[PDB]
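We begin with a single chain expressed as structure tokens, specifically the form deposited in one PDB entry.
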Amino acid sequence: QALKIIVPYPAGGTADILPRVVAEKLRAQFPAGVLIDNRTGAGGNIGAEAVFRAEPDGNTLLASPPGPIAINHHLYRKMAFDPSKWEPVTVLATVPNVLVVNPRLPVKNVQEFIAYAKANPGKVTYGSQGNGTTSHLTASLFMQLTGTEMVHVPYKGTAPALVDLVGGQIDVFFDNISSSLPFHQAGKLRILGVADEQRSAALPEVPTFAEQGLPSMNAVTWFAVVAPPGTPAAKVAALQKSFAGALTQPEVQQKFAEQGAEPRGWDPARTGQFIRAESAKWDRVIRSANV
């Protein structure tokens, strides 16, 4: 019985790399092999649906960022499955979002940026990867927490947005840390804040938003494993224990750090609470801003 893990995003990105690094460590346990299948489309809904439908024996699993687990059903009018019915296994890792600005912007930190945005109401421009994306929703969270108003400029993905931020065609981007990190290290962008409960290992000198007085401003790309509805608890538990064991291995922790990723390996109970908490949080953000 081979373990099939569907990643509903292309090969070669973070969503693909993390479950692959982990699955490399699981080989001895899964003699019939561990197979990562990439199935792109519809915000992860295409791959997600294939797992949702599969036999709930724990040998078909979805390894995904949040979209098809906790977010999409708040964005998409109708979908082929109900995300609230996923059986949680684990969270492999978290990659925090950050507030990044063009260095000519005359702000040094979050409070200064907040003040700039309020003195220049409706004028500061933020890029995103498109409506409903993590960058769009993170910006929306920030604005609802701070009562700032900023102009949305949607891009086809991260690279066009990052190019415009570097060039100065937009003022700000709520990027994932690994995208912006090397630009910040070369002083070519300025990361003001990390939207997480603790600082990032990859950027020890940049404070969190909590430490800059905005403690509710947490926004991370979490990579979870979930099983089809009705997968038995004992199988779920055995799988999570296996994933947690791999995340211990130094080589896995190093390859995760290389992506800006903090390993988690949370137990099924913790994982479920977190997902349910995230669904609620992001629905609340989407309603206050629209889809």
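Just count from 1 along the sequence shown to find any residue number.
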{"query": "167-175 versus 210-218 - greater average Cα B-factor per the deposited record", "finding": "210-218"}
{"query": "Stretch with the higher entry mean CA B-factor, where the candidates are 56-64 and 29-37", "finding": "29-37"}
{"query": "Options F113, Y126, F183, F81 - largest CA temperature factor per the record", "finding": "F81"}
{"query": "Residue with maximal Cα B-factor (values as given in the PDB entry) among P160, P96, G193, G122", "finding": "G122"}
{"query": "B-factor third for the C-alpha atom of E24 within its chain", "finding": "highest"}
{"query": "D16 - Cα temperature factor, lowest/middle/highest third of chain", "finding": "lowest"}
{"query": "Within-chain third of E262 by Cα B-factor, per the entry", "finding": "lowest"}
{"query": "Cα B factor band for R199 (lowest, middle or highest third within the chain)", "finding": "middle"}
{"query": "Cα B factor band for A227 (lowest, middle or highest third within the chain)", "finding": "middle"}
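One more form of this protein should be noted, the form deposited in another entry, which is absent from this view; the next part is about it.
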{"query": "Location of the hinge, rigid-body rearrangement between this form and the one not shown, from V220, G67, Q129, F52", "finding": "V220"}
{"query": "Closer or farther: C-alpha pair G41/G130 in the other entry, relative to this form, given a change of 3 Å or more", "finding": "closer"}
{"query": "Direction of C-alpha distance change in the other entry, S216 to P268 (at least 3 Å)", "finding": "farther"}
